[PDB]
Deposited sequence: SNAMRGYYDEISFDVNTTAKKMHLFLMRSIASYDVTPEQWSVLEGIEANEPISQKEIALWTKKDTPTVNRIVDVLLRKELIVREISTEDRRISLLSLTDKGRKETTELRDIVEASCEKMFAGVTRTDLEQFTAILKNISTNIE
C-alpha cells in the first residue's frame, strides 16, 4: 500500500500543522489581555493545582527552573499569585488572580468551541480506532 502510506503521511503532516495552528488561535484569543502567553501557562497551571510547588509548576508547564522563577516573579509583582511556606514554597492564586484566570479561561473556552465547531467526539474516536487497527496489525 504505497498509496495508503501516502495518505497516512499526509494525515501525519496535517495533524501536526493543525495542532500548531490551534495553539496559535487560542493564544490570539487572549492577545489583548495584560497577562502574556507564558504567564498564562504558569497561571493556568497554578489554578489547576493550587497550592503547588515551583518545582511542580516547571514539570506541569515543561519550562525550566530559571524560566518558572522569572515568570513567578512577574505574577507576584502583578499580585495574581501568593507564595507561602515542611519548609518549601507553595504558590496559590490571589482573589485578583482567580478573577483574571476565570476571565481568561472563559475566553479560551469560547475560542476552543469555535475551533471544534461541527466536529464531534465520535468523529475523533473513529480515527483513534483506525490507529488501534494499524497498531494491532503490526508486531
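The deposited sequence has C-alpha coordinates everywhere except the stretch 86 to 89.
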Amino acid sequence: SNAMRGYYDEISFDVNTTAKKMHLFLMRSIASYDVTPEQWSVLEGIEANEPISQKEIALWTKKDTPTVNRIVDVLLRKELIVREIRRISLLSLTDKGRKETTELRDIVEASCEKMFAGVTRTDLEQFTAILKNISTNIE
From here on, numbers count along this sequence of modelled residues.
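Higher mean CA temperature factor between 8 to 16 and 120 to 128: 120 to 128, per the PDB entry. Comparing 60 to 68 with 35 to 43, the higher mean C-alpha B-factor in the PDB entry belongs to 60 to 68. Across the options 90, 48, 107, 93, the residue with the most elevated CA B-factor in the record is 90. The entry lists a Cα temperature factor for residue 111 that places it in the middle third of the chain's modelled residues.
Per-chain ranking of the deposited C-alpha B factor places residue 99 in the lowest third. In the PDB entry, a CA B factor belonging to the highest third of its chain's modelled residues is recorded for residue 82.
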